[PDB]
Amino acid sequence: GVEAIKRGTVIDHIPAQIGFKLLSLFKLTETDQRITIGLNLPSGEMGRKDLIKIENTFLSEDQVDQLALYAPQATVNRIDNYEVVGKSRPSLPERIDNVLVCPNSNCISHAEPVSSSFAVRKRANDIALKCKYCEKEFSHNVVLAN
Amino acid sequence: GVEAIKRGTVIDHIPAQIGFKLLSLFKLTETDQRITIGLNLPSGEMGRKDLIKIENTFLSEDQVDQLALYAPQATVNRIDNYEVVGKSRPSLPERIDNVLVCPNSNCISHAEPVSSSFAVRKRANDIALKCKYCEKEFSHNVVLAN
Amino acid sequence: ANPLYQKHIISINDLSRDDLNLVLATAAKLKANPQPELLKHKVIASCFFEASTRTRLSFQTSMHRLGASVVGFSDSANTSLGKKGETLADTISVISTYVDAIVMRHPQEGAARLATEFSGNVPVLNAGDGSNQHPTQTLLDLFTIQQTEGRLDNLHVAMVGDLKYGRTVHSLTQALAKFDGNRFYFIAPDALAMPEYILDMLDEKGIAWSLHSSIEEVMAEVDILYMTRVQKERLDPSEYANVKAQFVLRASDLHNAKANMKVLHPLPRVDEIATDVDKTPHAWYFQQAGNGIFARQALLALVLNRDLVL
Amino acid sequence: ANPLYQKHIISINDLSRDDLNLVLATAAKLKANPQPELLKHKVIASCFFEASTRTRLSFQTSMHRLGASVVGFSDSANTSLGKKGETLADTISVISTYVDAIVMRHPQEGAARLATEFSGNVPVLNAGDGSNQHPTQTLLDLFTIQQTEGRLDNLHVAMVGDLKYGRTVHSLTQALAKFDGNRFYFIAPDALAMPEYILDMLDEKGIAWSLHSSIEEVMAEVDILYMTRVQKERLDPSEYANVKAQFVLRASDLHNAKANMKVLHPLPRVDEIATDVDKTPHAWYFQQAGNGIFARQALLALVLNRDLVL
Amino acid sequence: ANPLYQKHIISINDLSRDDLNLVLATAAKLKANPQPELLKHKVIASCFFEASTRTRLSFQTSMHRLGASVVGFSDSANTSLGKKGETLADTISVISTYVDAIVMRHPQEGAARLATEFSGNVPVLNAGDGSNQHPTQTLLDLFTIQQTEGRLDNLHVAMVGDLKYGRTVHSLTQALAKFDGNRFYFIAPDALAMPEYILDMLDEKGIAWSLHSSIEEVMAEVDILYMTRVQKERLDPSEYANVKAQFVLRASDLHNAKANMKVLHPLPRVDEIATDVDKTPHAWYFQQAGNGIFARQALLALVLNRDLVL
Ligand SMILES: [Zn+2]
Ligand SMILES: [Zn+2]
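The rules behind these values
Residues numbered from 1 in each chain as written, not as in the entry; some residues may be left out. Chains lettered and ligands numbered in written order. Part of a larger assembly, values for the part shown. Heavy atoms only, no water. UniProt positions renumbered as here; feature names shortened; annotations may be inferred. Patch = residues over 30% accessible without salt bridge, like charges linked within 9 Å, V, L, I, M, F, W, Y side chains within 5 Å. Areas by Shrake-Rupley, 256 points an atom, 1.4 Å probe, with all protein chains shown as cover. Salt bridge = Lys/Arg side-chain N within 4 Å of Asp/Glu carboxyl O. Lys, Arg positive; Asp, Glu negative; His and termini not counted. Charge placed at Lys NZ, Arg CZ, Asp CG, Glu CD. Helix = DSSP H or I, 4+ residues; strand = E, 2+ residues; numbered from the N terminus. Contact = heavy atoms within 4.5 Å. Donors = N, O, S within 2.8 Å, 3.2 Å for Na, K, Ca; no water. Tetrahedral: all angles 85-135°; square planar, octahedral: opposite > 155°, others 65-115°. Buried < 20%, exposed > 50% of the residue type's maximum accessible area, 1.4 Å probe, protein only. Least-squares fit on C-alpha atoms. Axes fitted to C-alpha atoms, helices over the stretch in contact; angles between N-to-C directions. Parallel < 35°, antiparallel > 145°, perpendicular 65-115°, else oblique. Left-handed = near helix turned anticlockwise from the far one by under 90°. Nonpolar A, V, L, I, M, F, W, Y, C, P; charged D, E, K, R; others polar. Buried area = accessible area lost by both parts, 1.4 Å probe. Polar contact = N/O pair within 3.5 Å; in protein donor to acceptor, adjacent residues only side chain to side chain.

- Method of determination, as given in the entry header: X-ray crystallography; reported resolution: 2.8 Å.

- Looking at the PDB entry, one finds chain C named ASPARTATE CARBAMOYLTRANSFERASE, CATALYTIC CHAIN and attributed to Escherichia coli.
- As deposited in the PDB, this entry carries the title "CRYSTAL STRUCTURES OF PHOSPHONOACETAMIDE LIGATED T AND PHOSPHONOACETAMIDE AND MALONATE LIGATED R STATES OF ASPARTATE CARBAMOYLTRANSFERASE AT 2.8-ANGSTROMS RESOLUTION AND NEUTRAL P*H".
- We quote the UniProt Pathway comment for chain C here in full: "Pyrimidine metabolism; UMP biosynthesis via de novo pathway; (S)-dihydroorotate from bicarbonate: step 2/3."
- According to UniProt, the comment filed for chain C under the heading Subunit is "Heterododecamer (2C3:3R2) of six catalytic PyrB chains organized as two trimers (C3), and six regulatory PyrI chains organized as three dimers (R2)."

- You'll find chain A entered in the PDB entry as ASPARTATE CARBAMOYLTRANSFERASE REGULATORY CHAIN, with Escherichia coli given as the organism.
- Looking at the Function heading of the UniProt record, one finds this comment for chain A: "Involved in allosteric regulation of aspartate carbamoyltransferase."
- Taken from UniProt, the Subunit comment for chain A reads in full: "Heterododecamer (2C3:3R2) of six catalytic PyrB chains organized as two trimers (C3), and six regulatory PyrI chains organized as three dimers (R2)."

Now the structure itself:
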């Protein structure tokens, strides 16, 4: 197979110059297991895609709901003993906690010891995101600005 | 088992735990080339190594030497149309410029538009770095920050 | 057991058409017949981390007219948050080991919601958080609108001023969107305009709003003209072009106004309502201020008493 | 042309025993036979973005005593780096288009090295970059030490005080590890002790150095007692523990001192060298400061004239 | 005696095409053949009640390069105008009794014209009076523009930035509406747009001017791109909306630029001209600043010497 694993995850249809941020974010190097990253491979419809292969390791909820907001294109594949036990795409959540950082300078989230939380409306335009604290809603792009 | 490569550079024998640190440190991923990275690999020589293949890309004399700061046992394989045309290897460079930041708060290098630079020095356990500007020597470990 | 008993009164969004009407019904009642020891033996925290004359002094007088006791501060300057450097989370924690409900004003948005995550059992009632919510304002405004118009459905309500940073107008456009058939008219400097998030919601519920450069262009159609102050203290440097009031009401402009029409203003007001308006049968912001005693008495009664019979 | 003509002078670490020796020989000449017109028609920038009495006024008096013009600033408050917000890099770029050499004092280490990237073909002489280097200080010290002790090789030199921020002692310990069999005793607090990097350079050339907790321990053995002032402005607030001179010297202590011995100090002196020492034969700091005139004109001459003066 | 001997230089509006041309011809001479003693025995005041790097140091280096003495102040804090409370009018009256010419920088528009009422027979050269005029800036611009573009007539000149407080661009737009068929494109914000009075003078001489919202719109057509810095200290707090350079230029943009084209800027530059432009052939601002030396010595010479130098 275009690389291979018994148990584990293989994420595919990752946008170019997204796989490396994903390696960063989900801490995928804090791991002792084999990893294959196919940076900036192809994808017939959308030219090049990055692909990551976490051997005998699977992702938790948090990470995939993140993965939705960072990659609504990717498809995450549960491989046990080489059979793709399941190959599932992400659907957005209700609410993202503790990774987004509120655009509002005067948001209390900053100064005080609290894990953030954001509410997610799916705007026909994009993804509107609302702070738990200041109640300001933002464009997903305003927020995800790396 | 990673990939077949027509022409370029394959830094092989990266100590496992450093391949990601390198692709980040020297902007290797900021490319449109197909990169294929094997994180955590069985070597025998080292229990585990890492390994990066950058297709249609070559590293310079100084480029490769910069790697010795993080990877003296790496081997940089220069490849022309499947032939291992070269087996390059990093000595200490005499200066690493533009990738590091001086631990000295009151150095000019922070405030002003100049690239950074450090005279590299093999001291007596690790490698010492001397800023061009404030002229204070720092342990290379320190230089790689907190 | 009553519905607002033990609740945190943070955002108008959290409160419903009926929680709102329950307060006003209560209000009219403590205004009709007073309850001087309803809250006898209750101790309440007045925590004002930001300046106030009305919200603190109304809230405090309410507490006293119901027999409750007050403890608090007027500024963090003196606290150990403001001098020894403790967090607000820790501050709300020990203060909740002391009192029965916490009233707080606070310069950052969302402080209020943060307080609840640390008050345990004690109800937290928001006196204003930066430019976000001011729900106790709204209740007294709803009370004052009811008294004058006899209805909270189908009005023509004009909001004039700093709509961006105004927490009063934020809370008020959200409670009135809970009633039927209310027409809105926003008159702001566009750099100090109504947040699109409120507008989205107004659109999501099919309510009608409209922007206008004049006040004379709407005087004729309104029931309530709600004036606001430019929030100097909240303005960003880009906005200093916007400190002095754009639209300023004078007694002469009221000339083609509906006889029922009232001028409401949260207060303080700077230069935006000329004092000649104060001598008219349209001026009403001082009456409105008085009505803050009855809606804050109502709300304390409801959160601290499990059943009210009055 | 001579060894240093158009050469920037930034650190003692970039000069040989030989450039130092040239500079002192030329000072020796120049003190004996003045050269009034030596730099007649030259204009030099005197740019102190830091404070000064000695280095500014000795360098502008030396330029004047060789026929040159001085333009510049003693303060940065009124430059456009000071109020219009420019980078050093552009100050230096425009000032290069005007004057023939730049003398610069600055609060950040590395300012002078930064200035050479932009001074074009103009030399940049370092009047002191934060707590790194002071190369022309060292030159009037070497001049004064040889003038007094007859030699610059095989001297027992004690450096007492703030060795961490002592830009003077950084350069002087580097200049003297170029001549042979020089002996160092370093008497600082721990907090403000000699930089590690310095001691390395000392171990590598096999120079004999040693730490000490008393002037009394070194008194008899030493030749040059080099005293420093705590670099008050350069300390960390953690370091404010030692803002007063741990070691302070009085004339009493000179009781067991070697007849030849000289007390050298860069100045200012605050508490560390008692005024009674001023009457002794050992006190030599006002003498060392006047030697700033000849070492400093020796320098200018060598960098702006090809022909080594006589 | 020559056209400008003892003539005060206050505004470009008081000089002809002919005085400008004299000044540039004389600079052209003076750059080729120095005149070391031309003003030997003259003393000039350099009086900056404002901040400066370029104008102070280029004028005091030019005086020095023609044999003159400079007396003066870079700051007003320690004059008696600064602490004993005197009027400008008396500073100027006593300073007239001492020096042969006065160069003055001041924060109030009109300071220099005010100084001529009191300087007696002494010329007053304007180093910049608030946001009105900067006549000697214009002279090194004309010098530089002709030096580069070969001519001063029939040039497409774009002036980008703060045209309201741009004392530089007030004088330069007036100097260039003296030569023929020069073309202006003015790219400012509205708030900080070119003064009306300027445009009138432009309509009356039938000069072709036009406003634009992009460097990209003018790039291909232009010859001189003249860039300004937002006059941060001169803004109204209402104007603080645009303190950052709306138009900022990078080397990318030079993609579609005319081979001859030069980027001129008075300096300081803060954010508006990106450092990558510094490597291009088009960047000419450090060159333009050095031309301050010769235009400025051309000037002094003409005002303090009867005989036009050669
Ligand atoms: Zn927030
Ligand atoms: Zn440094």
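Right, picking up where we left off after that structure.
As for a negative patch on the surface
Moving on, step 1. Residues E196(E), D200(E), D203(E) and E204(E) make up a contiguous surface patch of negative charge.
Moving on, step 2. Within the secondary structure, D200(E) sits in helix 8 (residues 196-204).

Some words on the arrangement of the chains
Moving on, step 1. By number of contacts, the leading pair among the 5 pairs of chains in contact is chains D and E.
Moving on, step 2. In this assembly chain B lies apart from chain C, the nearest approach of their C-alpha atoms being 25 Å.
Moving on, step 3. As for chain D relative to chain C, no contact occurs, and the smallest C-alpha gap between them is 19 Å.

A short note on the coordination of the zinc ion (ligand 2)
Residues and elements named next belong to chain B.
Moving on, step 1. At the metal site, the zinc ion (ligand 2) is ligated by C102 (SG), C107 (SG), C131 (SG) and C134 (SG), and these contacts range over 2.3 to 2.4 Å.
Moving on, step 2. Taken together, the 4 donor atoms coordinating the zinc ion (ligand 2) and their angles of 97 to 115° define a geometry best described as tetrahedral.
Moving on, step 3. Expressed as a motif, the donor residue spacing for the zinc ion (ligand 2) is C-x4-C-x23-C-x2-C. Each member of the pair, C102 together with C107, is buried.

Some remarks on the relation of the copies chain D and chain E
Moving on, step 1. Overlay of chain D on chain E (RMSD 0.0 Å): rotation 120°, translation along the axis 0.0 Å. The transformation just described matches what one would write down for a three-fold rotation axis.

A word on unusual backbone geometry
Moving on, step 1. A cis amide bond links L267(C) with the next residue in sequence, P268(C), at an omega value of 10°.
Moving on, step 2. In this structure, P268(C) sits in the loop between strand 8 (262-264) and helix 8 (285-290).
Moving on, step 3. Of note in the backbone geometry, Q17(A) takes a positive phi value of approximately 70° without being a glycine.
Moving on, step 4. Tracing the backbone shows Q17(A) in the loop between strand 1 (8-14) and helix 1 (19-25).

A closer look at the packing of helix 6 (residues 135-149) of chain E against helix 7 (residues 167-176) of chain E
Residues and elements named next belong to chain E.
Moving on, step 1. Two elements in contact, helix 6 and helix 7, have axes separated by 8 Å at closest approach and are oriented at 55°. On the basis of their axis angle, the class for helix 6 and helix 7 is oblique. The two elements helix 6 and helix 7 cross, and the hand of that crossing is right-handed. Residues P135, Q137, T138, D141 and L142 of helix 6 pack against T168, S171, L172, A175 and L176 of helix 7.
Moving on, step 2. Partitioning the contact of helix 6 with helix 7 into residue classes produces 5 nonpolar, 4 polar and 1 charged.

Brief notes about the coordination of the zinc ion (ligand 1)
All names here are of chain A.
Moving on, step 1. Listed as protein donors to the zinc ion (ligand 1) are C102 (SG), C107 (SG), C131 (SG) and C134 (SG); their distances from the metal cover 2.3 to 2.4 Å.
Moving on, step 2. The site at the zinc ion (ligand 1) holds 4 donor atoms, and with the angles between them running 102 to 119°, its shape is tetrahedral.
Moving on, step 3. Written as a sequence motif, the donor residues of the zinc ion (ligand 1) are C-x4-C-x23-C-x2-C.
Moving on, step 4. Residue classification places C131 among the buried positions, given a relative accessible area of 5%.
Moving on, step 5. We classify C134 as buried; its relative accessible area is 0%.

Notes on the interface of chain D and chain E
Where interface size is quoted, it is often the accessible area lost as the parts come together.
Moving on, step 1. Taken together, the 23 residues of chain D in the interface contact 27 residues of chain E.
Moving on, step 2. Summed over both sides, the interface of chain D with chain E buries roughly 2,100 Å², with 53% coming from carbon and sulfur.
Moving on, step 3. On the chain D side of the contact with chain E, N78(D), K84(D) and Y98(D) bury the most area, a combined 37% of that side's loss.
Moving on, step 4. Along the contact surface separating chain D from chain E lie 5 salt bridges.
Moving on, step 5. Put simply, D90(D) and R269(E) hold a salt bridge, and the shortest N to O gap is 2.6 Å.
Moving on, step 6. At the junction of chain D and chain E, the tally comes to 13 residue pairs in polar contact.
Moving on, step 7. Those elements giving two or more residues to the side of chain D that touches chain E turn out to be strand 2 (69-73), helix 3 (80-83) and helix 4 (88-96) of chain D.

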